[PDB]
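Engineer: Using the entry's author numbering, read the sequence shown as starting at 154 and increasing by one per residue.
The beta carbon of each residue, even a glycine, is placed where N, CA and C say it ideally should be.
Okay, handing you the structure first.
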Amino acid sequence: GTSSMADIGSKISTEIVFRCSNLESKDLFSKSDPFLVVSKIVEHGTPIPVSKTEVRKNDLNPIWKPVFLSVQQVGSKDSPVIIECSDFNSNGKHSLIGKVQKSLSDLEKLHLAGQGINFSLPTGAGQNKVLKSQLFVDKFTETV
């Protein structure tokens, strides 16, 4: 064929099934309607959304349909991307449930180890707040 090792790396499409455990719920607050957004980090800018899941209504332990991520969407398999879980609101201002910063390589390791990553929230005092809720990688498949 016509593909070097680096060319094959550049052509890899990654299929990922994401799951969350124990999204927060408090009395007097409507249950979350969560979705995930995967965003590419860019110099001097706002992360660029490259993939989003469907919304799952009223679900604190969502499992979403697969997402497909290219190398062009993430930069490279080792490049960190942002993965944020948000609560979909009809008014269109979606509230942050939690953030993770992981590369595709890191998501594959969570899948292989059967381990989750705790969400966190960026704070206005001290370090990020680490939540009890977790993101898991139920499926991680590469194809050319």
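Among residues of its own chain, excluding the 5 on either side of residue 174, which ones have a beta-carbon nearer than 7 Å to its beta-carbon?
Structural biologist: Result list for residue 174: 214, 269, 286, 287, 289, in chain order.
Engineer: Considering only DSSP beta bridges, list what residue 174 is partnered with.
Structural biologist: Residue 174 is bridged to 287.
Engineer: Once the 5 residues before and after residue 169 are set aside, which same chain residues still bring their CB inside 7 Å of it?
Structural biologist: 219, 220, 222, 260, 290, 292, 293, listed in sequence order.
Engineer: Grab the span of the alpha helix (DSSP H) containing residue 251 for me, first residue to last.
Structural biologist: Here residue 251 belongs to no alpha helix (DSSP H); instead the beta strand (DSSP E) covers 248 to 256.
Engineer: Could you round the C-beta distance between residue 263 and residue 167 to whole angstroms and report it? I think they count as a contact, below 8 Å.
Structural biologist: In fact, because the Cβ distance is near 13 Å, the residues do not count as touching under 8 Å.
Engineer: Look up residue 271 in the DSSP assignment and give the residues it is bridged to.
Structural biologist: 287, per the DSSP bridge assignment.
Engineer: Name the two residues that bound the continuous alpha helix (DSSP H) containing residue 164.
Structural biologist: First-last of the alpha helix (DSSP H) with residue 164: 158 to 164.
Engineer: Where does the unbroken alpha helix (DSSP H) through residue 227 begin, and where does it stop?
Structural biologist: Counting along the chain, the alpha helix (DSSP H) containing residue 227 begins and ends at 224 to 227.
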